[PDB]
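Chemist: Just dropping in an experimental structure and the matching sequence.
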Amino acid sequence: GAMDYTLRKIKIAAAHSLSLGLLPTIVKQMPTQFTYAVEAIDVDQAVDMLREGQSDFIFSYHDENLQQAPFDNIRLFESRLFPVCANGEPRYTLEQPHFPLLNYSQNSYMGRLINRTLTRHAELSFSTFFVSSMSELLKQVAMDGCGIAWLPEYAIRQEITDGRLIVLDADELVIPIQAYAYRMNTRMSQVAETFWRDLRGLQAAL
Amino acid sequence: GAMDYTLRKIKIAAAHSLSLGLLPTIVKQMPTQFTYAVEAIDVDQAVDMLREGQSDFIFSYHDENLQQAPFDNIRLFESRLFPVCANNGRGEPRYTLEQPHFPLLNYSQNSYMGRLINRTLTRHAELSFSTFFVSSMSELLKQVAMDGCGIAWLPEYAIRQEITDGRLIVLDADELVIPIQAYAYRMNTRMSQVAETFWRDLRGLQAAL
Ligand SMILES: [Br-]
Ligand SMILES: [Br-]
Ligand SMILES: [Br-]
Ligand SMILES: [Br-]
């Protein structure tokens, strides 16, 4: 495993689309008995980094391989993806032939879902204009009026109520997402167990 | 990857501490005849992703390996890293650099920002700190700093409004200010017509970013 070891350091590897939105909440509401080392990763890197010992815990989404036996998990929260765009009416329409699309990477948990829904809807012709795994990068480019992006509710909650971003669909084009915290089912240090035990108690407040 | 291709796609790999602040102004000012594919990387991945067909351009800082042939470069902008922290509700810093083992919010050891900060901290033996939060995402250290968790060295372009608002307070404006310089790197060989257009077009914006 990793030779890097302290008694209080919590080594976390979080998905690109999840780090900025979730980790500030955890670090703030956790008992200050920990030291944090955060590494932004893709979803497909999480399995090896847990088995190799690179990370004590993983903050990503629904992973088919991580839900199973050698790993334990907590569902941190579930959210919904809403296709939004900038300016009190949408700057773009979904029925517009080949609209500018702001999407996540193909190898992200979240780009795969949007790519599946778009292919499932033949009535939506689009032109991919910007691709990034950072939810904030896609958010800022969307607020600049560059196109349409599927974004999570928590990351654009203030902009939807503000009017800077406008939701385009609430029924058939809403994609569900579930965020999870993963770990090896084996016993860890006493502080890592304290981190895991506390993390469960903060879940209802997440 | 090397096989993925469209007519207008421009594959970009930007450093973790630079991708979010640099990409929006580039997309907004570049003539929108381009398709963007951006992925955040660590500084040490730039050479291999350029030699292979993984990235057309790299958005990083001063890296000596990338400042020689077979690479061409272009200067984008320079900035400064200020040690900042949240306020204590009275317009004064919640922490001070003189605190024995003050909470430090630092970049990762593998980042170019982390090495510059660690060197600055090593040069000043009068500062005792305790590493509390580590991440090479500038805006993650930024919000953790705004929540009042410790002191972080952050670039001026990412905390400009927070300095004005007072949510963040600069702790040193002299010896602890670290100069940084962003670059855009590329292979010296001839690229596609669309890629060469991107390179020249970005060159015309290197003083307006
Ligand atoms: Br994702
Ligand atoms: Br404990
Ligand atoms: Br230059
Ligand atoms: Br860096």
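Modeler: All right, it came through fine. Numbering: from 1, shown residues only, chains lettered A, B, ... in the order given. Ligands and ions are numbered 1, 2, ... in the order given.

Chemist: so who does the residue of chain A found nearest ligand 4 touch?
Modeler: Shortest chain A-to-ligand 4 distance, computed as Cβ to the ion: residue-wise this is residue A:40, at 12.2 Å. Every residue, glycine included, has its C-beta placed from N, CA and C. Each residue near residue A:40 by Cβ atoms under 8 Å, 6 or more residues apart in numbering or on different chains is listed here: A:13, A:14, A:15, A:16, A:19, B:16, B:40, B:135, B:136, B:137.

Chemist: Near the fourth one, how many residues? Count them for me, please.
Modeler: By other Cβ atoms under 10 Å in any protein chain shown, the residues close to residue A:16 number 26.

Chemist: Please list all residues in contact with the closest residue in space to it that isn't next to it in sequence.
Modeler: For residue A:16, the nearest residue in space outside its immediate sequence neighbours is residue A:133; the separation is 3.8 Å by Cβ to Cβ, 6 or more residues apart in numbering or on different chains. Contacts for residue A:133 were tallied using Cβ under 8 Å, 6+ apart; they are A:15, A:16, A:17, A:42, A:104, A:105, A:108, A:111, B:39, B:40.

Chemist: One more pass at 6 Å, please.
Modeler: For residue A:133, the contacting residues are A:16, A:104, A:105, A:108, taking Cβ atoms under 6 Å, 6 or more residues apart in numbering or on different chains as the criterion.

Chemist: okay but the first one is in contact with residue A:135, surely?
Modeler: Right, the one you point to is residue A:16. No - under the criterion of Cβ atoms under 6 Å, residue A:16 lies out of contact with residue A:135, with a separation of 7.8 Å.

Chemist: Next to ligand 1, which bits of chain A? Give me the list.
Modeler: Where proximity means Cβ under 5 Å from the ion, the interface of chain A facing ligand 1 comprises A:15, A:17, A:108, A:109, A:110.

Chemist: which residues in chain A form helices?
Modeler: Along chain A, the stretches classed as helices by DSSP state H are A:19-29, A:46-51, A:109-120, A:135-143, A:157-162, A:190-202.

Chemist: on that earlier part again, buried ones only from the residues of chain A next to ligand 1, please, as a ChimeraX command.
Modeler: Buried subset of those, written as a ChimeraX selection, criterion 16 or more other Cβ atoms under 10 Å in any protein chain shown:
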select /A:15,17,108,109,110
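
Chemist: In the longest strand seen in chain A, which residues are buried?
Modeler: Of all segments of type strand in chain A, defined using DSSP state E, the longest is strand A:71-85. Taking 16+ other Cβ under 10 Å as the neighbour-count basis, strand A:71-85 is seen to contain the buried residues A:71, A:73, A:74, A:76, A:77, A:79, A:81, A:82, A:83, A:84, A:85.

Chemist: Which residue ranges make up each domain of chain A?
Modeler: Domain assignment for chain A, taken from curated CATH domains, gives A:1-79+A:178-206, A:80-177.

Chemist: closest one to ligand 3 among those domains?
Modeler: Nearest to ligand 3, of all the domains of chain A, is domain A:80-177, at 25.1 Å by Cβ to the ion.

Chemist: Any idea how far the closest one is from the middle of the chain?
Modeler: 14 Å (Cα atoms, centre = their mean, to the nearest Å).

Chemist: Check what contacts stretch A:79-86 and list those residues.
Modeler: Residues from elsewhere that reach stretch A:79-86 (Cβ under 6 Å, 6+ apart): A:91-92, A:143, A:145, A:148, A:150-154, A:165, A:167-169, A:173-177.

Chemist: Paired strands for the longest strand of chain A, with orientation please.
Modeler: For strand A:71-85, the paired strands and their directions (DSSP bridges) are strand A:148-152 (antiparallel), strand A:166-167 (antiparallel), strand A:175-184 (antiparallel).

Chemist: can I get those in JSON lines with mean neighbour count?
Modeler: What follows is the strands paired with strand A:71-85, written out as JSON lines (neighbours: other Cβ atoms under 10 Å in any protein chain shown):
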{"stretch": "strand A:148-152", "mean neighbour count": "25"}
{"stretch": "strand A:166-167", "mean neighbour count": "17"}
{"stretch": "strand A:175-184", "mean neighbour count": "18"}
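
Chemist: and the closest residue to ligand 2 within chain A, how many neighbours?
Modeler: The minimum distance from chain A to ligand 2, using Cβ to the ion, falls at residue A:194 (3.8 Å). Other residues within reach of residue A:194 by the criterion other Cβ under 10 Å amount to 17.
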